[PDB]
Structure formats: structure tokens, C-alpha cells
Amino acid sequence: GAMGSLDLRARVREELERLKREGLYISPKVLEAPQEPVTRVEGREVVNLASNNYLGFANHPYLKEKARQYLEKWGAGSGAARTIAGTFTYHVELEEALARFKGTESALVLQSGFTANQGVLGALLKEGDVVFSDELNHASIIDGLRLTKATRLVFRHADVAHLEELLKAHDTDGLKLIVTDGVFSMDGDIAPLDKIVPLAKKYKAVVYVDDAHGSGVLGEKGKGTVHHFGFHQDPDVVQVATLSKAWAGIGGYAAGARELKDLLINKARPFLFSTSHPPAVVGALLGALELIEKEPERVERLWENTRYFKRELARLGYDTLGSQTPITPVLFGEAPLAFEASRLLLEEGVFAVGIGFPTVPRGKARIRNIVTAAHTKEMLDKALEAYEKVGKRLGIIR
């Protein structure tokens, strides 16, 4: 109009004002001690139920020592993309260790779980393919699909009846790909692969699982959701997951046939066009895989802690939304009440972050608690005491 196209500060102001009006403006907390089940926020020690540190690895000396070894040997940076002089021996060492752990012929690491989805989906899919995506799939899956030319269908969450209706109605001569989170990040439920994968065979579809929140959590020694349901050697199951949660570093990976690995090396755009991970990162992750083999009882402790916390929340009167994994949402309903409960929990010494629309539905705002192997009973009971006090105060529990 009269004054011309917007300047940057005007565009920013208009978007920030809009977000503040919609109750979406965020001011994240700064942690002042390491990533542990007790940490420091705003000058205070707090029970931390906000992180993805499922196994207690993020500040574990074993990982730190292997990191240090690789840092000293190889340096601070790789200096290139994997394709052109950024692959070093340590990259391949980690890929081989991951494949062995996962039980697949091969494994390929990408720069994040977020980019792994983009890269793997983009390498696999082509115009005229059909994708069947779970309604509640992660945002990184959505962005990966949007960069492809595949036809995209959405099935109601975990609804295998709906999925079969779409598989009957929508055919192709190319690839049919059923795409799901393995463990859904917000509600903590598990994709029903026991039903999806047989369905896939009946309609000659491939299944793709983003197991970010199942790696190090489900299956024998944390080998993941796909391993848990017994499908880890099926070549028509594509396994993606992340190295940033249980494994407590950064990165994403795919695991399968030497030839799938070769496709990703040739085609995945975040692999072709982004720098490889540095030695300290890779050494920590090699450490993580060694430590879970040494201390597999961490996974048992994780699940013991989980069942305890969930049972005690239910006894107070809270709703954990049918969650099945250490992801333990507590329903508050409206986003303002979730955010107020998070504030009041912090006053009590408990750090857990409120989440509302658009991340989760209107009227299904929650606080996401993630239980870890490193939480103690007294930490969990402190968190439960805080939830009792706050919930009574807000009138959601008796």
C-alpha cells in the first residue's frame, strides 16, 4: 500500500503481536546446571521432568570420556559434508555400531532427527507414490513429505480401520508408504505396528517409522519399537530414529540394507548439503551404545520409574491420556491452565513445561513429564507432592 512493502521490524512486530494475542508467544527457560534429573532454573534446584534424557546419559562420565578421547584425537570439526571429504573413520565406526545394535545390515547418520525425516522421505518418494500418514505425526515428518511430489493421505490417529479404507481406495504402481511416529511425542502412545505391518503386506505397502522416542526405551535393551514388535529384519520396514534423546547427543539415523544406505548417501538432501558431525559428538554416541550394553538394567529402571509415576498420578485424580511410555502427559485442558500449573510447579521446585494448541488440540493442553532412569523415588515423590498441591489449588483434583 501507500507506505510500500513491509520492513523487517514491521513484519516481526505484526507476527509477535499476533502470537501474543493467540497465547502462543514463548519465553523458554535457561538451565544453569547440566542436563540431569535435578538441575537449576532461575537460581534454584529443581526436579527436572522436561528433558528427553531417558537413560541418564546426557551428563554421564562414560560418554564424556569417550567424547573427550575422540575430541583430542580428531579435533573440533569435520570441515565438510559427508559426500565430499567430511566422512572420517569415526563416522563409519558409529554407523557400524548402530547397525549392530539395531540388528540391521547397515545404518546411516544424518544431522538430526528433524533432517533425517526430510532426507529419508525425500530419497524414497517420487511423483505418483501414495503416502498414508498418521494424523498426529511429528512436524519433521510433515515438512519431509511437503518437499516430495507424493500424494499424501492422512489416517485418523492409530485407526487401522481408517488406514485400510484408504489403502483400498488409493492405489499406485509406484511406492505406497505408511508413515508413523513409533512413539508419539506428545501423548506417549505406541504406533500399533502389530496391526499396521500385516495390513501393509496385504496391500503391498512399505512402513516407515520415526522412532525418536522409542530408541533406548522400547525393545530389548532399548533397540526400539520396530525391534519390540519383531520387525527389525523386514526390508519393507524403514527405521528412522534420533540420537538426541536416550542416546543424549545430536543426530538422526536410518537403519537397513546396504542398498538403502547407498540410496540415502546419493539422494538425501540434508546429507548431500550439510556438514558431518564432529568427533566429540560421535565419540559420545559410541560411548552411549557401549554403556547401554554394560548397564542394560537402566531400561528396566526407566520402566519401573514410569509405572510408579503414572500410577501415583492416577491415584491423585489426574489423567495421563493413555500414555504408554515414560512420556507422561498430565491433562489440564485449556492452555492457560497448563501454563499456570507449570508456573506453580516451578514454585514448588518441579520443572515441567506446559504445552497447548497448536502443538496439541484445543482442550487437551497438558504438562509433558518425561520420566528417566536417573530419577530417584524421592525426586518422583517430590514431583507427585507438587502435583497434588498445585492440582488441589487449581481445583482439578480433590
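Residue numbers here begin at 1 and follow the sequence given.
Of the two stretches examined, 70-78 and 151-159, the record assigns the greater average C-alpha temperature factor to 151-159.
Comparing 79-87 with 163-171, the stretch with the higher mean C-alpha B-factor in the PDB entry is 163-171. Residue set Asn59, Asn53, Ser27, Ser342: peak C-alpha B-factor at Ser27 (per PDB entry). Looking at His213, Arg269, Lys310, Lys221, the one whose CA carries the top B-factor in the deposited record is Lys221.
Remark: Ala288 belongs to the lowest third of its chain, ranked by C-alpha B-factor as recorded.
Ranked by Cα temperature factor within the chain, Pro278 sits in the lowest third according to the deposited record. Among the modelled residues of its chain, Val390 has a C-alpha B-factor that falls in the middle third according to the deposited record.
For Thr306, the recorded CA B-factor ranks within the lowest third of the chain. Only modelled residues enter the ranking. Annotation for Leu316: CA B-factor lies in the middle third of the chain's modelled residues.
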